[PDB]
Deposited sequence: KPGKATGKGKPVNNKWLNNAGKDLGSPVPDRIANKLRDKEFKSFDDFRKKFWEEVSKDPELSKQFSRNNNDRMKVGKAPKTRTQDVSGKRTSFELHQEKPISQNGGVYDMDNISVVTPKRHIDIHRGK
């Protein structure tokens, strides 16, 4: 299931993931989208790692993540969410993909907290 990353993303501030626990979550930063756009991906896992890797490279974004979180993103692992936003063993930020019942649209990909992601996939 290889494809091309497409999308304009969206402008984010220094409170990027604050609303990552409500609705569909935080959007894909335009800066990040410009770095992934047009690139191929062999799977969503690939896209996920490359995504967090990019975030660790954006100065304005990394400053929002503790040293430990930045270390994880530097190798492709997702940053750890607040302790109250986890769900059992799932304690890392997750990427939600919006798409019809019937492909890497960065305008349909968002960052959510395990807690919030579980509700979404059960109606809320």
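- prompt: In sequence order, what intervals of the deposited sequence carry no C-alpha positions?
  reply: That stretch is 103 to 106, the only one.
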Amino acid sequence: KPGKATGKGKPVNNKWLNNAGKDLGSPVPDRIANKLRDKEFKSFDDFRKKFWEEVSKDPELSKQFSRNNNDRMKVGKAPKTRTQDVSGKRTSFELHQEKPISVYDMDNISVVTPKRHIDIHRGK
From here on, numbers count along this sequence of modelled residues.
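| task | Between 13 to 21 and 105 to 113, name whichever shows the higher mean Cα B factor according to the PDB entry. | result | For C-alpha atoms only, the mean B-factor is higher in 13 to 21.
query: Can you tell me which stretch has the higher mean Cα B-factor, 53 to 61 or 26 to 34?
result: 53 to 61 has the higher mean C-alpha B-factor.
_Residue with highest C-alpha B-factor in the PDB entry, from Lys77, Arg90, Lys80, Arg67_ = Comparing C-alpha B-factors across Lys77, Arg90, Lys80, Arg67, the top value belongs to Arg67.
Highest CA temperature factor in the entry: which of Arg48, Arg72, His96, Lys39?
-> Each of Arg48, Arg72, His96, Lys39 was compared by C-alpha B-factor; the highest is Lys39.
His121 CA temperature factor, ranked by third within the chain
Tercile = lowest for this residue's CA B-factor.
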